[PDB]
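We give structure tokens for two forms of one protein chain below, kept apart as structure 1 and structure 2.
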Structure 1
């Protein structure tokens, strides 16, 4: 049974971890890493690492990414110890600030050195935060790409596409944080359930290892055209920098009840193949859950851009 860990680095990362913990998420372990002692005390993560106390006196990094970087480096052994034993690590962080920008790539590097398949899920700042934030974030994204196996990037400007004038900011943030949660959950479930055409952690590793950009999606539907609709939802990317277009490898799992037809499994696969507009090398799986009635769930992980 593969050991999955989700590590929040800095404020936005720790917000994403707290959102997942709010949901439940069993067989996933959470680590909270921050310079900011105030926030870190309000984490509900069972493992907390305060970094950079020597540098900051318990405060944040004040928007300087070199302080985040040095803070993580100076706590390398404590970070190693909290990671030790993980088969897979998700590092989540907001790019643009001092702690996430600087520390998240160090954390990712440590994870990969420890032997973990390492996935980054990070945000880019809103345009209203300005040019310097955007430039610092881009340097962070580049540093994350170098350090991780695969990287999912969520530009915060995309949240402006999914709100009306009244949508609470916290509701919008929860949509961004669902990218991480549903991805991690999708992988936990994939590993836990024995499929008729079974996928396992080694298939996740083949798709996610030393790649670059990634997409991780889930789609649920029922009734007429359920398979096409579930697959379309799984690959949709309103919040993602990296869409399905250009994907060269995909892990796709379909879960349905006993009604799950061969024809609709091919319909779903073809949606992904056609949307990619490449010769996709697909790792295909299927689960029959006889407790389902008319529901289908399609899980996609896409890489090789």
Structure 2
């Protein structure tokens, strides 16, 4: 049974990890990382690492990624001790500030160099945060690409396509927390659900390793043609920056409220295989979530770009 750990890096990442904890992701261990001592005290993770004590004197990184980077490097041993034993590590962070932008790539490289399957799940800032955050965030994503095995980037501006028009700013960040939770949960569910192995870990690791940027989409449908419709939605999800056309590796999970037939799963898989336009190493699993009625959920991770 794989040891999964989820690490928040910086304020946005730790706020997302707090939402993961509240909501009850089970069978994973949570860690929070920050340069800002006071922000770090409000985090709900049982393992907390204040990085760059000497450098920052605990006062944060002031939106400077070079400071977040040197803080994580200063604290490398402590981060490694907190990671030791993980088979898989998620690094979650909002790109664009100092700590997550700078430290999250150091943290990822540390995990990867312990042999863990290292998955980044990160956001690009909303446009209201300004062109400067957006620029810093883009350098952050480029550094994260090299540091992880697989990177999932979610643009926060795309969240606005799937929330009510009346959504205030505070709720839009709560939505950002929820999407990071869903991306982490959805990838976690490829490994194990309800404490039971789903896809073979070694084969997941093979597909997700040393890939850099990858693509993740989740789609939902019901009634007639539900499997195919859910699959089409997954691969055209509003959160996707690219299409899956070309992908050399695909991991797929299909979730229903009763054990799904292989036939039906395979119809959804055929949509994803076709849309690829090239011949994939594709692996899929099926899971049961009792709370579902007639809805099927299709989760797709595509890599090899």
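Positions refer to the first chain, counted from 1. Superpose the two forms; the largest set of C-alphas matching within 1.5 Å is the rigid core.
Comparing the two isolated copies of the chain, the first one is the form described as "T state" in its entry title. Taking 2 Å as the criterion, residue 231 counts as shifted between structure 1 and structure 2: its C-alpha moves by at least this amount when the rigid core is aligned. Core-superposed comparison between structure 1 and structure 2: CA of residue 157 displaced by less than 2 Å.
Core-superposed comparison between structure 1 and structure 2: the CA of residue 298 exceeds or equals a 2 Å shift.
After superposing on the rigid core, the C-alpha of residue 137 is displaced by 0.3 Å between structure 1 and structure 2. On a core-based overlay, residue 195 has a Cα shift of 12.1 Å between structure 1 and structure 2. Core-based alignment between structure 1 and structure 2 gives a C-alpha movement of 5.7 Å at residue 287.
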